């Protein structure tokens, strides 16, 4: 069984690798420190965001989409296989206007009658920056990658967002979807690198059930990452959010970097606080 | 291959969304706050009510049925797998009339001979809203789902109450029922999401026997949930009731949103008090 | 598949229901309050009576049988596994005559010679209200359920007393008898509910060995129960006795209703005192 | 399956039982309280002594042999299947003369040369009171019972001692020796009752391995008794010794009565202290 | 059927006993007290030496071999299953000459060229007392016992040291080696008791991983013994060594007699200190 | 069955033994003291290097390889599973040239253009002392052992570095990978001992979540080790690094020898400091 290369014959591969192996562009918002320990995200790179169920993997990664295609005018590609394009649209809108438009059947009625809908809608999607995959009808790997690709080549996006990488739906009949996740992650790291598009992906965590878990504290280690850690490899960076919803500061969320190929600088990035009012992830002043 | 819609083309689809789109719905009775945190029970959502043995599950749940099928007139399907329809209806009658009919032989005799029974009966069951699965003789999964599907689709029920999801009774010959519970959920959640009905399901908790427990106070945690954390994912809201029956305030019960997908707002909703006289779980005013 | 009845069509079923649908039946003797938090012993239920070793379990249950079988004329079946029929009968006689018949040779000599025995015998067992299970030799589960089953349906006993539910003796070759204590329960509960007889079962306690315990006071909690809490669920009313034989009032025994399905009314029911003369547990007035 | 006797037809059996169902004779030494909670041991009765491995089941029961055949001049029958008649003889001798003749190769040499051996030997076994079974070559049940019987009928002993009731050695080929112990215990309770000989037996405890065990504290409950508790029935009394050899008072031993058919009075008898000097079990002044 | 001997007829057999009957024998080196509590190692007795990983077992044991085979001239059989005979003999040489030969490349070279090696060698191995099983290539139970039996019976060894009883290597195809360990003991203990040889066996401890552990201080308990408590019964003496390698006094080691059949005297024997220079475990003077 | 050699007949075997029987080999670089408590890395041994995530494990092991492979001219095999060959090679180069080659685009651009890369490359890998395992794609146990096996016997490496022993990827269908981490070890240990190569394996830590931990200081104990302590036994020297990146001296890392078969010398070996410029772990002087 040979695949044991010697370090001298690695010469031409180290040269290739050494030329354009990513400097600074696109820096996450909501908390500096993520930036201090990563320096934003690179094209060709694969950002991995994870956390317990219902903790803000979705809220954080959507904020970046927002900021990115607003303040720093970038073409964000959205692919939320678990929600209607109108729903994700909704979050972006309420989010943009610092409000929780879903949690308010009065505010929804409000803006539609009083006309602020058309107002907000244009002011936001006005620059034709945001674009989205559309379905809820189980998407296949190649199928998906194609459209994800169309968002990068056809529409010309800088950043693509794939929410939840477990929803596989491909060539069924081959045991333990532990490889699907693996295979998919490679195609994703492939396409990402060869097009140079910033690719942000969200994956979930296995359920420990061997101690007190995630929704109650417990940091997440590289191991706890769902999917036979093929993604802990192909992904260049890994953001993790932890918060004890049953505690005193359920809105207090710690950001932890589990990997940053680029700066190799890991650990705790800092803290954030959910604003039940704006729905935003504001930077906090904490330390335990 | 095209199906990648653009922000703008969505403006009208998103408008048609933001109205006649109900985010609130069927508010829980017993404590404002279960509402302030969860915005009521959405249709197509799975409500998970849990607690220690004999602590309130059954009663809290039953009270919700009584209000929804009365004051807010909705068809309520009841599948109380551990008691006869006459018993559950007995409680329902007692409950509606703010009296504990079961616990009183005198009151029973009474209302029977003074003709009042028939009154309370019409006055409640009159608008044909209450419907119940009947047997006690162990029900199977597809068998029950079949009947439940009937209520939802056949009778047009809006809410289906299924008390006790540990009573399985299905294809025996496959180790640990841990897979039965999980596959059941996946079917209920599925049933729920596709019919758009409101599904309130009760579950019990694994015996911690590693410290002081549930009927003695002691917060329930998402790990405490009997059934290998499948439901901890498939259900949308987890309502847990905690109380220390062996104390000064046995009837004081704490409400904890163990999870609420739709809002993400978890934590201590509030408190309620058991009224040994009416049998209702009235909202309280307390702080520990 | 219609077996889903609507409330209305149950009118008649519910009338025939509340009338002659006893919810107060067989009150306990020697301590009102047990009767207050439980409204007695309903047929079809499972009454659990536990305590530290040699602290009330036995006597209290033996007294209830004695009262129920006389003054109240019910038929009582005794399943005393750790003793012979003449052993338990000996106790009964003496117990009825407020005399420690066993701990005294002088008296056994007398009554037998002076003829008072035949008197006492006829006076206690005269009304054929007492029947027992006879053997002492390790009884198997199905082997048992069947005899108790006989007592009920064959002999017509309204009450059955199973002393010690740790003496399992069934299908050997299946790890941890923890399973045995659970399966047996499930068979008894079914037995009781279906047959409608009153089942008063005795079980012991887990030796905590983590604090000062049982023999020295210490309240018994539901967790403390032997056999992984299957019974904690299958039984409908758990009565627990506590006392400190190594304290000041070694005769003052506390009576705790650890659980009572029917009423939900839990907590300390009251107190009782041991009278070394009569061998009884006399009614007491106290508050610590 | 019938063996369900009625309490009226039990008349002639209760009469038999009531005549000579044992007052006071032979009271254990080393600690009063055992006596206060049992009143010595009766002829026909079966004393059961148990404790962890190496705690004094053997030292206690040998002290009684001593006292009994010395101060109260009774014919003690000894059957120590795990030690040479000369070894058990040794303990009795050193014991009698308040010394640990085994633990002293100097004291052994001493008395043999200086002539105190013949002295002690006569002064003790002088009254031809002690008698012993002889072998180490595995003894069968009937085989054993016969000799044990010969000690009661042939030699005319008041008290018989059978050390360690696990060493069965009988009709091999019948699964789980759980019955051997059971069967044997019956023959033993039989012969004991029908001859009227005091029978003291020593049995060991199962190994809990579910918490901190025996040699480190932990009282022994009736359950922990090795052998499918057939012996917790046939034996009339059950003495148990507990001591934490890894503690501060490894010589401090608590006596606990797990049963006393006669006085039914159980619990903690009191305490004792090993005298590393005399090897005796002296009464102590303690309370925890 | 007669075999019931009488006290008196025994006088001569008992005399012949009390002399040329050795109760002391082969005292442990390293701390008087292992002796004061156990009176040395009797022949036909099973010595159990245990401790945390790399804490001293091997060394304590090895030192016993060196003294017994030297100063008290006895034939010592060594079966060190985890090291070559040259290694064990290397230590033995180093040890005898109060130097750590292994840990010194200079000293090794030395004694080799200055001819001293040959001296130390004769001076030690000379009286042909040291014998060792040889291989490293996994030994089977009857295979090893066979060889061990050889040393005892063939070579006439008095003491057999068998290091590490977890290295089984026998009839594989029967779940959990827990039965291998137990059946091995039963064979060694048997081998021991019948040949009258002294058997010192080493075992390791189950990983507690439930608190602070063994190499950090933390008393070993009879439950901590790896191998389902078979050895906790079959061996006659259990010598355990405890030390906290991560402290101020890493080399201070505590001696605990976990059990000593022959005497019953258990507890803390004493302390010893590891001398990084001589490599010996010298007796200390300490008190915590 | 003779395979029992006598000490004497081993004279010659023991001479050829102590001579050219290295006990000091391959000392560690950058912190004398590791070398003091371990006398380096003997061939055939298994060196365990662990720590909190991102706290020294990687760098320290990467530095040892770098030194061993140059200044000392040994052959080193790298089995870095979480990185590509050009990735780890990139690190090495930069590491050798005390420059953060990865975290800096400007420099990769330079050296490649200014030709300094070819220089650096030849200077580091010139002597063909470096070889790697190539894949990234989940390697199976037997699949691996074989390649490492190749490096040793085929390529002649004196040292092999296996980064991350949690990336098992072997025979799936056997509960708890706890078994996997143990079996793999056993195969590596065997591999090492038999082949004679130096095996330096990296493994991570159990997240205590019971106190303040790893990322914040806290000493690592042996128990803290991932994979139920099979390694804690199979490995011959465990090196643990501790540090507080959320404290005062985030660069001061402590080096603890958790275990060292060979010498037994355990405890804190010393300290080191992280230099953000060089990316190295410089030798340090300290005492807290």
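Don't overthink the numbers, they just go from 1 along the chain as shown.
For this deposited structure, the header notes the method as X-ray crystallography, 3.3 Å.
The backbone N, Cα and C atoms fix where each Cβ goes, and this holds for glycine too.
Annotation comment: Swiss-Prot describes E:20-287 as domain 'SF4 helicase'.
For E:51, E:52, E:53, E:54, E:55, E:56, E:57, E:58, the entry in Swiss-Prot reads ATP binding site. There are 27 other CB atoms within 10 A of the CB of residue E:51 (ATP binding site), with all protein chains counted. Under the three-state DSSP scheme, residue E:51 (ATP binding site) falls in the strand class.
If you draw a 10 Å sphere around the CB of residue E:100 (site 'dTTP/dATP binding'), it holds 20 other CB atoms from the protein chains shown. Annotation source Swiss-Prot lists site 'dTTP/dATP binding' at E:100 (among others).
The site 'dTTP/dATP binding' annotation in Swiss-Prot covers E:204 (among others) and is backed by sequence analysis. Taken residue by residue with DSSP, residue E:204 (site 'dTTP/dATP binding') is part of neither helix nor strand, so it is coil. Take the CB of residue E:204 (site 'dTTP/dATP binding') and look out to 10 A: across all protein chains shown you find 20 other CB atoms.
According to Swiss-Prot, the feature site 'dTTP/dATP binding' maps to E:243 (among others). In three-state terms derived from DSSP, residue E:243 (site 'dTTP/dATP binding') belongs to neither a helical nor a strand segment and is classed as coil.
As annotated by Swiss-Prot, site 'dTTP/dATP binding' applies to E:261 (among others), with the evidence given as sequence analysis. In the shown protein chains, 16 other C-beta atoms lie within 10 A of the C-beta of residue E:261 (site 'dTTP/dATP binding').
The site 'dTTP/dATP binding' annotation in Swiss-Prot covers E:274 (among others). According to DSSP, residue E:274 (site 'dTTP/dATP binding') sits within a strand segment.
In the three-state DSSP scheme, residue E:57 (ATP binding site) is classed as helix.
Cα spacing between residue E:55 (ATP binding site) and residue E:243 (site 'dTTP/dATP binding'): 7 Å, rounded to the nearest whole number. Within 10 Å (C-alpha to C-alpha) of residue E:261 (site 'dTTP/dATP binding') lies none of the recorded positions E:51, E:57, E:243. Of E:53, E:56, E:57, E:58, all annotated as binding-site residues, the residue with the shortest Cα distance to residue E:274 (site 'dTTP/dATP binding') is E:56. In terms of Cα distance, the recorded sites that sit within 10 Å of residue E:52 (ATP binding site) are E:204, E:243, chosen from E:100, E:204, E:243.
Fewest other C-beta atoms within 10 Å: among the binding-site residues E:53, E:58, that description fits E:53. Note on the recorded positions E:57, E:243: the fewest other CB atoms within 10 A surround the CB of E:57. Within the set of recorded sites E:100, E:204, E:243, the entry lying nearest in space to residue E:56 (ATP binding site) is E:243 (CA atoms). For residue E:243 (site 'dTTP/dATP binding'), the recorded positions whose C-alpha atoms fall inside a 10 Å radius of its own C-alpha are E:51, out of E:51, E:53, E:57, E:58, E:100. A Cβ within 8 Å of the Cβ centre of E:51, E:52, E:53, E:54, E:55, E:56, E:57, E:58, the residues given for ATP, is found for these other residues of the same chain: E:59, E:241. Within 10 Å of the C-beta atom of residue E:274 (site 'dTTP/dATP binding') sit 23 other C-beta atoms, taking all shown protein chains into account. When the C-beta distance to chain D is held to under 8 angstroms, the recorded positions E:52, E:53, E:54, E:261, E:274 reduce to E:261, listed in sequence order. On the backbone, the CA of residue E:53 (ATP binding site) and the CA of residue E:204 (site 'dTTP/dATP binding') stand 7 Å apart. The binding-site residues considered are E:52, E:54, E:55, E:56; of these, E:54 has the fewest other C-beta atoms within 10 angstroms of its C-beta. Rounded to a whole number, the distance between the Cα atoms of residue E:58 (ATP binding site) and residue E:100 (site 'dTTP/dATP binding') is 15 Å. Classification of residue E:261 (site 'dTTP/dATP binding') by DSSP places it in coil, neither helical nor stranded.
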